[PDB]
């Protein structure tokens, strides 16, 4: 119990850390190798960070085999609606998705195993940390499916040219 783990379906796991507040502010252990390994989450190999203004959409990204990635998503500032989409063709759940609000109030995390496309909308101005497992950044293996697959709550969507040209699910080059 430094963490509580909840199965959200399809290999997606919500992680709940313990937060210790005092006069100074607060403290938490975000990730610990031993606890996460017991839950079948492997070593972190890369850590990224983004700052996203309210309404920003980033996604839905994945790296194809043999450069597939797992992801632990953490929101130390702001609020995001985080999404993972099963993009493994032969999965009994291909095209199905998990949604979860990760924010600075809860300090919850989502573990997203390989075979999913990840995206989020910033509900507020948000800092997102990505703990990346399996394989590093590899542009030749990068793929995406359109954000439009998802019904996002904020109307004033801010989105990159790259993300706008992402193919729909049924057109995309996806996992097995």
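Numbering follows the first chain given and starts at 1.
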Assert higher mean C-alpha B factor (100-108 or 86-94, deposited values) equals 86-94
Avg C-alpha B-factor, entry values, 136-144 vs 53-61, higher side is 136-144
So, residue 25's CA B-factor, relative to its chain, sits in which third? The lowest
Binned into thirds over the chain's modelled residues, the C-alpha B-factor of residue 66 lands in the highest
Of the three thirds of Cα B-factor ranks in this chain, residue 118 occupies the lowest
Chain thirds by Cα B factor, record data; residue 15 belongs to the lowest
Chain thirds by Cα B factor, record data; residue 33 belongs to the middle
